[PDB]
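Residue numbers (PDB author numbering), protein chains in the order written: chain B, 1 to 275, 280 to 428; chain A, 1 to 437; chain F, 1 to 102, 144 to 151, 159 to 166, 180 to 247, 252 to 362, 373 to 384; chain E, 6 to 27, 44 to 74. No residue lacks a Cβ here, since even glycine has one placed at the ideal position from N, Cα and C. Below is one structure, written out as structure tokens; the observations come after it.
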Amino acid sequence: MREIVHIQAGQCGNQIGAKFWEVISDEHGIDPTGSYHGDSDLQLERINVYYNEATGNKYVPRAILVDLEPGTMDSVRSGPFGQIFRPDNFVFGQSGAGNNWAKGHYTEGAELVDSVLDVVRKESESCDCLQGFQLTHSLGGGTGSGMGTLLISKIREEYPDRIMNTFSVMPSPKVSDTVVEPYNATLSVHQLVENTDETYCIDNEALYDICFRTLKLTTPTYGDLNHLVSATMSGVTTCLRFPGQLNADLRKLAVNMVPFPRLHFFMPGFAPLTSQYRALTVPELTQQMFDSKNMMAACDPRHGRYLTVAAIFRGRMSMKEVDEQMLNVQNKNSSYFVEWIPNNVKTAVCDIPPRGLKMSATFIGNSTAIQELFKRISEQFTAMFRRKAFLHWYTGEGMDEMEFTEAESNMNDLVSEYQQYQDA
Amino acid sequence: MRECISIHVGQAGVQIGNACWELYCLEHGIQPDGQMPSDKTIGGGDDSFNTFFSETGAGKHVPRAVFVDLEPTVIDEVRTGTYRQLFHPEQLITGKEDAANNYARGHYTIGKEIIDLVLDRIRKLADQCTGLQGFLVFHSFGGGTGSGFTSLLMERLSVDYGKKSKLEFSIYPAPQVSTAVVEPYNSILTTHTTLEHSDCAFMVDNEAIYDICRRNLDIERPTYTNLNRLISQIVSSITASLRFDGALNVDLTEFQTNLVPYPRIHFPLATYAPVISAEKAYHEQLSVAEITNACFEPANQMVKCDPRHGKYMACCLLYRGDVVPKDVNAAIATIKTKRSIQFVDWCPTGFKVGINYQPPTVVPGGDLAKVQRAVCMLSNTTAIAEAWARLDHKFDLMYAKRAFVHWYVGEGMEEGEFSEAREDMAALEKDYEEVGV
Amino acid sequence: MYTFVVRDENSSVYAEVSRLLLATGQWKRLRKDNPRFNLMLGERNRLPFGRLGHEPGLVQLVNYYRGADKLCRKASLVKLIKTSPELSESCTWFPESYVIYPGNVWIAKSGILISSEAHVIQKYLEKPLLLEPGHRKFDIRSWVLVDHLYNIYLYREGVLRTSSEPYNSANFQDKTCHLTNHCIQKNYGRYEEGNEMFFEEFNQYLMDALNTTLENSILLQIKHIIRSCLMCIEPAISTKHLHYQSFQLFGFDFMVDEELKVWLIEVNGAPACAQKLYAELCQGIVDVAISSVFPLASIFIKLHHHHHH
Amino acid sequence: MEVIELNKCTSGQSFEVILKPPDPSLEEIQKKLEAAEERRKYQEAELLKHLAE
Ligand SMILES: Nc1nc2c(ncn2[C@@H]2O[C@H](COP(=O)(O)OP(=O)(O)OP(=O)(O)O)[C@@H](O)[C@H]2O)c(=O)[nH]1
Ligand SMILES: Nc1ncnc2c1ncn2[C@@H]1O[C@H](COP(=O)(O)OP(=O)(O)CP(=O)(O)O)[C@@H](O)[C@H]1O
Ligand SMILES: Nc1nc2c(ncn2[C@@H]2O[C@H](COP(=O)(O)OP(=O)(O)O)[C@@H](O)[C@H]2O)c(=O)[nH]1
Ligand SMILES: COc1cc([C@H]2C(C#N)=C(N)Oc3c2ccc(N)c3N)cc(Br)c1OC
Ligand SMILES: [Ca+2]
Ligand SMILES: [Mg+2]
Ligand SMILES: [Mg+2]
């Protein structure tokens with residue numbers, strides 16, 4: 001259980017996907033040409049998880065780069081770390097998906113999916129022990145959403161026994177490309193409830209609010225939102241990437257976090273929220293990573309209960325002080341955990357801090373309060389679908405209304421299922 | 001003499017294995033390369049220590065050990081570590097994919113595809129034995145491999161060695177040093193499936209050991225290394241009688257006779273004293289009276305429970321160091337008056353005593369100070385049922401909601417195996433209460 | 001903020017201890033099955049002591065001593081007094097009691161048979190002490206609080222549970238003059258309110274009719290019997306060096322005979338506090354047994380006597 | 006309190022002190054290991070059938 005295959009699909013997928021490779025490459029001491037120049041040996045002990053070793057002692061991300069249009073992928077090559085990616089692993093169409101799920105999933109996307117799978121297969125073949133896949137994408141457009149979910153379906157057919165992990169950016173009217181975002185996101189969630197083991201809900205509403213309210217940025221850009229996303233992605237992959245004493249993998253993440261197969265949508269958290281000089285104290289990190297204002301999914305965790313929780317502290321600190329602070333919230337806020345999963349909070353500590361910060365915490369919560377995110381997309385869906393508004397973009401690609409009713413129903417079902425366990 | 005085979009399953013099994021074999025080698029004067037200078041019979045022997053070590057012509061002393069882990073990272077540290085020359089690679093068995101803290105995946109899925117191979121390496125060891133006694137099996141309750149693969153081996157050992165004794169050293173799960181949320185599930189399942197296959201089981205609560213390391217060794221945050229060096233001392237006390245000259249607990253059969261009259265109720269409580277910090281500048285050495293008394297303090301038990309609220313079926317006192325019987329009896333007299341040591345009506349209120357004049361060996365640069373005398377008590381007390389109740393209650397809070405069950409069913413295991421395993425454990429709790437009140 | 005749970009409904013005393021605890025602003029009550037408490041206020045039967053003291057980062061207290069049942073059942077009290085060297089078979093302050101399983146007047150109990165003909182048979186006190194005017198029987202009830210360090214605290218307020226009918230020699234079957242409970246007696254309240262005389266008035270009656278005080282005539286013997294009983298079982302039930310901690314409120318029941326000798330009748334493991342007194346006692350429980358272990362932001376006489384021999 | 010069965014040697018001594026007197046077959050295992058692989062293969066069939074739809 002060692003190699004992870006990373007897929008990044010569409011504009012958002014390839015943008016947050018690009019940042020992640022810039023951030024971890026710098027943590028593992030890999031340079032914009034793929035040459036090691038670090039100091040610590042810790043930086044190479046589990047490098048194999050995210051990198052292939054090539055000729056000349058080069059490190060090549062196990063990264064596949066997908067888009068139906070050539071634009072954003074020429075931007076990745078242009079961009080600061082663009083030379084590190086295996087060139088045979090860029091796969092792109094010409095016509096784009098135009099924010100149309102049906103085009104991603106069923107027409108334009110169908111034509112391209114087979115040639116992405118071939119690159120996936122190629123990466124899977126020269127893997128000593130594949131743990132599975134992590135995909136970066138938005139649910140709000142056509143390619144990341146529609147073609148990303150088509151790929152997930154096809155990877156599961158060919159690899160039923162490997163783990164499927166997503167970083168899934170939810171759309172917000174506060175960062176809106178188009179009115180059809182709730183449509184593309186509802187169709188995409190149905191796919192994600194059936195065919196992923198773990199999904200990190202990166203809510204664009206949350207990223208915006210954190211940038212406006214709790215960071216005093218009046219006009220947040222995708223650059224600002226993505227800074228928070230790449231910090232979270234660095235955080236939640238720390239234990240996959242570095243030794244040790246946890247030695248985590250994607251299956252053990254799944255077994256420990258998901259008590260019911262459908263309830264695998266994680267509320268990620270980060271502390272301290274940046275865009280410092282004073283390092284935070286362990287109690288500050290602890291209070292902040294459990295605070296609403298620090299979650300990357302716009303949900304009130306006081307409206308729900310935590311089923312499971314994983315926390316990763318980075319820097320130099322007493323594990324004793326981490327333990328004490330992690331038991332202090334559990335023993336003084338027991339109402340907001342379920343009594344019927346004993347010892348449901350797990351803490352881990354890594355000595356290597358992220359770039360800039362001296363100590364940081366990353367939160368991963370399977371909270372029933374995630375329902376508020378799905379209900380919000382449901383309501384934006386119903387407000388259009390009840391007048392069949394903007395459907396013709398989807399019927400014109402061969403979709404029926406039926407398939408919209410089905411995706412509406414499966415998302416209201418997911419919301420009830422979260423409700424069930426909030427009152428139990 | 002009669003040979004014993006030690007099987008270490010999972011990370012806990014294997015790391016505890018390493019500590020035990022480190023200590024045995026120091027106790028017997030065997031070096032990391034496996035040469036035993038004090039041993040005058042070269043290429044063989046029917047000495048007591050030969051029950052645990054085989055011998056080669058070139059004069060190497062080789063543990064009668066099998067190490068099994070479904071993943072390689074932990075047994076790889078044995079292969080590349082201080083005691084690499086000691087073991088034969090055929091004894092160190094690793095898969096690739098671990099059980100991901102899943103009983104079902106350790107038993108049914110990844111189990112079925114490695115059992116036949118382990119049994120074969122076990123059989124090669126049995127074939128170098130003149131008169132095999134049976135097996136010492138080290139494992140966690142909590143790991144998918146420790147739980148699931150262990151219970152599969154114990155079924156196949158029962159079939160392939162019906163005559164032979166099977167003893168367990170089991171690590172009972174503790175939230176303070178815990179891997180997975182599903183340890184309760186894995187713990188019940190492996191108990192149910194191992195119950196009828198095990199003759200005597202020595203449970204160590206990781207909570208009890210962790211606290212003994214906090215309280216008595218002044219370690220803020222104890223590590224598996226600290227825990228394992230202490231556990232290996234208790235394990236050595238218990239197995240001393242198999243590896244040295246004496247007349248108490250001399251073969252595996254006698255462990256059952258002396259400690260388990262009622263065969264399902266076969267979990268003896270280990271109590272150990274004294275545990276003294278090596279950092280500790282000034283230490284007044286404890287007497288026989290003081291260390292015997294320490295055996296009835298719950299804070300020194302391998303499992304936290306109250307022996308005052310339950311009945312004894314057996315009590316063995318295993319002394320190491322400067323101890324003579326008159327001091328032992330004087331101590332037992334004093335303590336009878338001052339304490340609540342109720343036995344069952346159909347058992348003699350009696351202590352079986354073993355003394356070995358060699359004090360405990362400590363690992364150099366270890367945490368445990370050298371002492372003039374130490375003792376390990378083995379009481380079969382119904383009070384240990386407290387550990388079953390605690391574990392069973394945790395199982396019930398999660399199973400009531402079928403939480404994580406789908407992870408086990410997804411490997412071919414049925415829901416019913418859970419209720420079945422839990423009913424067996426409900427029966428064991430009742431067995432303990434009839435006998436205990 | 002500390003945390004507690006309730007698992008005893010009928011408990012009037014821990015109803016009030018719960019109420020006082022909430023109304024403090026530093027104590028949240030949780031649901032009955034929530035494992036992360038500081039204090040448990042536990043059920044009368046089958047209390048799961050095995051589960052206590054295993055929760056990391058939590059010091060756990062419970063309001064019962066495990067094995068204190070042996071002092072509280074009639075069947076085991078008798079057996080405890082007959083088989084303990086510290087309370088001998090020839091113990092001066094326990095009425096001769098016997099166990100056979102399903144002046145020579147006796148009484149049987151666990159429907160109460162008093163005859164010479166006909180559970181535990183007990184020597185019945187043919188000549189007890191009678192309050193004038195009345196020629197009528199009573200029983201004294203003292204509330205004792207054993208904390209986590211096994212300090213023994215007597216509450217300075219007890220109470221008499223009086224009859225209201227002339228006690229009778231030849232008439233045994235009749236149950237309102239012989240037996241001086243509270244439930245069987247509800252001439253109800255003719256002489257004193259609710260059949261409940263208190264320590265001030267009983268100290269006065271004694272001074273006027275018997276010239277002695279309550280301290281001298283009765284309370285010295287009470288303090289000896291409470292001390293004898295709880296120091297007997299201290300080795301069995303003490304939670305010193307244990308992974309959880311116990312306290313418990315006990316109610317001791319006593320009789321006074323004509324020559325002013327104090328006998329022990331029963332020890333009550335889940336006792337009911339008298340209506341007027343609840344306020345003071347329940348605040349005491351909290352001050353001494355609970356705030357001692359869980360500090361925030373004397374109504375008790377402490378029992379100890381080390382005579383050197 | 007009577008000290009019985011005392012045995013001495015040069016490494017130590019042992020004695021008893023008394024205060025007061027008073044498995045299924047290979048067939049059945051390979052059977053149920055296979056019944057669970059048949060439940061495991063069915064579940065994976067049902068999954069492929071559903072992905073074909
Ligand atoms: N005392 C002690 N307990 C250990 C040790 N290693 C693991 N444990 C405990 O064992 C349980 C976890 O099981 P492991 O032995 O790590 O798992 P495994 O058998 O390797 O199984 P998988 O990795 O799940 O395939 C937890 O209760 C841990 O606290 C160790 O070296 N010493
Ligand atoms: N040996 C004896 N001599 C005289 N009176 C006795 C007696 N034994 C019992 N009694 C009387 O009967 C009553 C006994 O009540 P008992 O203690 O048997 O049960 P109970 O349920 O009332 C316990 P509690 O009163 O503490 O709630 C007392 O009021 C007492 O006067
Ligand atoms: N956080 C974040 N969101 C993005 C980014 N780019 C686009 N989005 C969002 O993603 C959705 C549009 O999807 P996009 O990835 O551009 O569509 P596709 O390229 O056709 O898959 C909308 O909800 C946008 O607000 C980005 O770089 N970061
Ligand atoms: C603390 O960070 C992570 C935890 C886990 C996952 C896991 C692994 N590997 C272990 N063994 O147990 C848990 C785990 C998660 C939650 C809980 N409650 C538990 N017990 C996986 C990863 Br990846 C972690 O880092 C992100
Ligand atoms: Ca030899
Ligand atoms: Mg766009
Ligand atoms: Mg393991």
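Determine, for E65(E), whether the minimum Cβ-Cβ distance to residues of chain B falls below 7 Å.
Here residue 65(E) corresponds to residue number 44 of the fourth sequence, with the count starting at 1. Closer than 7 Å to some Cβ of chain B, the Cβ of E65(E) qualifies, so yes.
Which full runs of the alpha helix (DSSP H) of 4+ residues lie inside the region 143-188 of chain A, going along the chain?
150-160
CA nearest to the CA of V22(E), picked from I332(A), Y357(A), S232(A), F141(A):
Position 17 of the fourth sequence, counted from the first residue, corresponds to residue 22(E). Minimum Cα distance to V22(E) is reached at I332(A).
In the DSSP assignment, what are the bridge partners of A365(B)?
Sequence index remark: in the first sequence, residue 365(B) carries index 361 (1-based). Note: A365(B) sits in a beta bridge opposite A271(B), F317(B).
DSSP three-state call for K58(B): helix, strand or coil?
For this step, residue 58(B) is matched to residue 58 along the first sequence. Strand.
Assuming contact is defined by CB atoms lying nearer than 7 Å, are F202(A) and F169(A) in contact in what I supplied?
Along the second sequence, one-based indexing puts residue 202(A) at 202. Along the second sequence, one-based indexing puts residue 169(A) at 169. In contact: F202(A) and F169(A) (Cβ atoms closer than 7 Å).
Host beta strand (DSSP E) of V332(F) (start-end)
In the third sequence, the residue the question calls residue 332(F) occupies position 267. Element bounds for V332(F): 327-333.
State the CB to CB distance for the pair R2(A) and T51(A), rounded to an integer number of angstroms; the pair is presumed to be in contact (CB under 8 Å).
Counted from its first residue, the second sequence places residue 2(A) at position 2. Counted from its first residue, the second sequence places residue 51(A) at position 51. Your pair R2(A) and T51(A) checks out as a contact, with CB atoms roughly 6 Å apart and the cut at 8 Å.
Taking C-beta pairs closer than 7 Å, name the residues in chain A that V236(B) reaches, listed in chain order.
What you label residue 236(B) is simply residue 236 of the first sequence in a count that begins at 1. At a C-beta separation below 7 Å, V236(B) has no neighbours in chain A, since its nearest C-beta there lies roughly 18 Å away.
Return no unless some Cβ of chain A is closer than 7 Å to the Cβ of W344(B).
For this step, residue 344(B) is matched to residue 340 along the first sequence. True, the Cβ-Cβ gap to chain A drops below 7 Å.
For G402(B), which of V60(B), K103(B), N57(B), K58(B) has the nearest alpha-carbon?
Reading the first sequence from its first residue, position 398 is the one you call residue 402(B). Checked all of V60(B), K103(B), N57(B), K58(B); the closest Cα to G402(B) is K103(B).
Between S382(B) and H6(B), what straight-line distance do the alpha-carbon atoms span, to the nearest angstrom?
Taking the first sequence and counting its residues from 1, one reaches residue 382(B) at position 378. Taking the first sequence and counting its residues from 1, one reaches residue 6(B) at position 6. Roughly 29 Å separates the two Cα atoms.
Between the C-alpha atoms of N212(F) and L190(F), what's the straight-line distance to the nearest angstrom?
The residue you call residue 212(F) lines up with position 151 of the third sequence. The residue you call residue 190(F) lines up with position 129 of the third sequence. If I take the Cα positions, the gap works out to 32 Å.
Less than 7 Å between the beta carbons of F265(B) and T232(B), yes or no?
If you number the first sequence from 1, residue 265(B) lands on position 265. If you number the first sequence from 1, residue 232(B) lands on position 232. Result no, Cβ atoms of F265(B) and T232(B) do not sit closer than 7 Å.
Within the chosen definition, does the region 123-140 of chain B reach the region 245-259 of chain B through at least 3 CB pairs nearer than 8 Å?
yes
Out of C14(E), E10(E), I9(E), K25(E), state which residue places its alpha-carbon closest to the alpha-carbon of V344(A).
Taking the second sequence and counting its residues from 1, the one referred to as residue 344(A) is at position 344. Selected option, being the one with the closest Cα: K25(E).
Interface partners of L68(E) on chain A, CB under 7 Å
Within the fourth sequence, numbered from 1, the residue matching residue 68(E) stands at position 47. Result: empty, since nearest Cβ-Cβ is about 10 Å, beyond 7 Å.
At least 3 beta-carbon pairs within less than 8 Å: the region 321-333 of chain F vs the region 276-296 of chain F
Judged by Cβ distances under 8 Å, the region 321-333 of chain F makes contact with the region 276-296 of chain F, as three or more pairs qualify.
Assuming the contact rule is C-beta atoms closer than 8 Å, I155(B) and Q191(B) should be a hit. Round their C-beta distance to whole Å, please.
Within the first sequence, the letter at position 155 stands for residue 155(B). Within the first sequence, the letter at position 191 stands for residue 191(B). Not quite, the Cβ-Cβ distance comes to about 12 Å (not below 8 Å), so this is no contact.
Where does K70(F) sit, in a helix, a strand or coil, going by DSSP?
The residue you call residue 70(F) lines up with position 70 of the third sequence. If DSSP states are grouped into helix, strand and coil, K70(F) belongs with the helices.
Less than 6 Å separating the Cβ of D39(A) from some heavy atom of ligand 5?
On the second sequence, residue 39(A) is found 39 positions in, with the first residue counted as 1. Yes, the Cβ of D39(A) comes within 6 Å of a heavy atom of ligand 5.
Let me check you understand the geometry: is the CB of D318(F) closer than 6 Å to at least one non-hydrogen atom of ligand 2?
Taking the first residue of the third sequence as position 1, residue 318(F) is located at position 253. The answer is yes for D318(F).
Relative to ligand 1, is the shortest distance from any of its heavy atoms to the C-beta of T179(A) smaller than 6 Å?
Here residue 179(A) refers to the residue found at position 179 of the second sequence. Yes, Cβ of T179(A) sits closer than 6 Å to a heavy atom of ligand 1.
Could you tell me the distance, in whole angstroms, from the CA atom of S145(B) to the CA atom of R422(A)?
Here residue 145(B) refers to the residue found at position 145 when the first sequence is read from its first residue. Here residue 422(A) refers to the residue found at position 422 when the second sequence is read from its first residue. Their Cα atoms are separated by approximately 45 Å.
Inspect the CB distances between the region 390-406 of chain A and the region 320-340 of chain A and report whether three or more fall short of 8 Å.
By the Cβ rule, the region 390-406 of chain A does not count as touching the region 320-340 of chain A, because fewer than three pairs are nearer than 8 Å.
Would you check if the region 113-130 of chain B and the region 415-426 of chain B touch, i.e. whether three or more CB-CB distances between them fall below 8 Å?
no
Just the Cα atoms here: how many angstroms apart are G96(B) and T143(B)?
Within the first sequence, numbered from 1, the residue matching residue 96(B) stands at position 96. Within the first sequence, numbered from 1, the residue matching residue 143(B) stands at position 143. Roughly 8 Å between the two C-alpha positions.
For review: beta carbons within less than 5 Å of any heavy atom in ligand 7
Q11(A), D98(A)
Return helix, strand or coil for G316(F), following the three-state DSSP convention.
Along the third sequence, one-based indexing puts residue 316(F) at 251. Strand at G316(F).
Below 7 Å between beta carbons is the criterion; list the residues of the region 346-379 of chain B that meet it against any residue of chain A, in chain order.
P346, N347, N348
What separation, rounded to the nearest whole angstrom, lies between the Cα atoms of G316(F) and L307(F)?
On the third sequence, residue 316(F) is found 251 positions in, with the first residue counted as 1. On the third sequence, residue 307(F) is found 242 positions in, with the first residue counted as 1. Taking the straight line from one Cα to the other gives about 25 Å.
Cβ closer than 7 Å: which chain A residues qualify as neighbours of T290(B)?
Stepping through the first sequence from its first residue, residue 290(B) is reached at position 286. Chain A residues near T290(B): none, gap ~17 Å exceeds 7 Å.
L253(B): CB within 6 Å of a non-hydrogen atom of ligand 4
Position 253 of the first sequence, counted from the first residue, corresponds to residue 253(B). Yes, Cβ of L253(B) sits closer than 6 Å to a heavy atom of ligand 4.
With hydrogens ignored, establish whether the beta-carbon of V236(B) is closer than 6 Å to any heavy atom of ligand 4.
Counted from its first residue, the first sequence places residue 236(B) at position 236. Yes, since a heavy atom of ligand 4 falls inside the 6 Å radius drawn around the Cβ of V236(B).
Closer than 6 Å is what we want: which residues have a beta carbon that near any heavy atom of ligand 6? List them in chain order.
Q11(B), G141(B), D177(B)
Interfacial residues, the region 251-276 of chain A to chain E, with Cβ spacing under 7 Å
none
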